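Data block below; observations after.
Protein chains: 2
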Amino acid sequence: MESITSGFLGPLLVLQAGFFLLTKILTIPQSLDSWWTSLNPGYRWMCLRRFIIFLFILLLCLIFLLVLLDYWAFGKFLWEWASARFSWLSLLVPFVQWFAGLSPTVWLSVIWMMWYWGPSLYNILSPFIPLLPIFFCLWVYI
Amino acid sequence: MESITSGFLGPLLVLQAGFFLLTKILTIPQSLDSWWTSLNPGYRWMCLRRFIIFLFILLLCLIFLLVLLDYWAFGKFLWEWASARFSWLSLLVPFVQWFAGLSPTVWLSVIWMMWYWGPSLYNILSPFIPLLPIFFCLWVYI
């Protein structure tokens, strides 16, 4: 008796597991709405936002599953798009190397600045945008 | 020399267009943050949300890169990754095949259907959510 009756059970558990994955997929929009939707006829806008988050859940799973499916050719195909872009990125690497040799002291200094100076850089970026045309004027003068 | 001031002038208008492209990209995270706000220390939360939405913009550009990845062998590579899924997917293929012929003609009608289906499916989903685990348990019994 016990082996057959416990055999039936799990089969409802498989049904429960389907209900748990469905409800978990809907609760992810609810937890995301608490953080994102608080920082930002209501039924359609809730349902569109639930569906857009279901597309984001699907997109994260699709990216994970596609990269798991490749597990070097994808890196090398990205590098073929880089056969042009590397022209530029090959100049960036040497700058990144130099930054890696000085990174300990500079990275901890830049982290401390990113807290005080990061809000300053939001304000200072408003002057950087007008300075970018003045730089051009300097590039044309030079 | 007037000509050198013209020719160099160009770079300056193109450099301004490069700042206009960068600021228009930043308007995509801000306008999605506005749209999310319309459905729903604040400086810190705004900066955190805009950082995460900008990372999501790079993931969305990678999904657009999969559309560009066609520009049948792209579809066939997905069909091989499918081949593991395909034991399950091969039951879906007969359904999708019937849908794939009709739906494009039906699609002009589907635009009208989607308006009336939106309220209908909300009501129908309330009893269908309990029935779908009941029907799943029948699928285990057979």
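Those protein sequence lines, which keep their order, are chains A and B. Using the UniProt record's numbering, the letters of the first sequence map in sequence onto residues 1 to 40, 70 to 100, 156 to 226. Using the UniProt record's numbering, the letters of the second sequence map in sequence onto residues 1 to 40, 70 to 100, 156 to 226. Where is the CB? At the ideal position from N, CA and C, for every residue including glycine.
Quick one: what does DSSP say residue i is sitting in, helix, strand or coil?
i, result
"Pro-211(A)", "helix"
"residue 113(B)", "No coordinates are present for residue 113(B), because the numbering of chain B runs from 100 directly to 156."
"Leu-98(B)", "coil"
"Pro-11(B)", "helix"
"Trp-199(B)", "helix"
"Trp-163(B)", "helix"
"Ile-226(B)", "coil"
"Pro-70(B)", "coil"
"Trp-191(B)", "helix"
"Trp-182(B)", "helix"
"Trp-36(B)", "helix"
Flag this pair as yes or no: are the beta carbons of residue i and residue j separated by less than 7 Å?
i, j, result
"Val-14(A)", "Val-96(B)", "no"
"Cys-221(B)", "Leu-12(A)", "yes"
"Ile-82(A)", "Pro-29(A)", "yes"
"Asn-207(A)", "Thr-37(B)", "no"
"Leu-216(A)", "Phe-212(B)", "no"
"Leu-98(A)", "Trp-172(B)", "no"
When you compare each of the options to residue i by their alpha carbons, which one comes out closest?
i, options, result
"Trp-199(A)", "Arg-73(B), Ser-204(B) and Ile-213(B)", "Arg-73(B)"
"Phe-80(A)", "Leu-22(A), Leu-94(A), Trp-163(A) and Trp-156(A)", "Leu-22(A)"
"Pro-214(B)", "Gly-7(A), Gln-16(A), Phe-8(A) and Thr-5(A)", "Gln-16(A)"
"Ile-86(A)", "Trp-182(A), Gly-10(A), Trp-196(A) and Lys-24(A)", "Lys-24(A)"
Is residue i buried or exposed, if buried means 16 or more other CB atoms sit within 10 Å of its CB?
i, result
"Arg-78(B)", "buried"
Requested in this report: Using a Cβ-Cβ cut-off of less than 9 Å, list which residues of the region 161 to 177 of chain A approach chain B; keep chain order.
Outcome: none
Report task. Note down, in chain order, all residues in the region 197 to 208 of chain A with a beta-carbon under 9 Å from any beta-carbon belonging to chain B. Result -> Here the close residues are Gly-202, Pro-203 and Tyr-206.
Requested in this report: Would you list, in chain order, the members of the region 73 to 84 of chain B that have their beta-carbon closer than 9 Å to a beta-carbon of chain A?
Outcome: So the close ones are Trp-74, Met-75, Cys-76, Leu-77, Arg-78, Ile-81 and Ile-82.
Requested in this report: Taking only beta carbons into account, state which residues of the region 3 to 22 of chain A come closer than 9 Å to chain B, listed in chain order.
Outcome: Against chain B - using a Cβ distance shorter than 9 Å - the residues of the region 3 to 22 of chain A are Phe-8, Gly-10, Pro-11, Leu-12, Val-14, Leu-15, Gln-16, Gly-18, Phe-19 and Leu-22.
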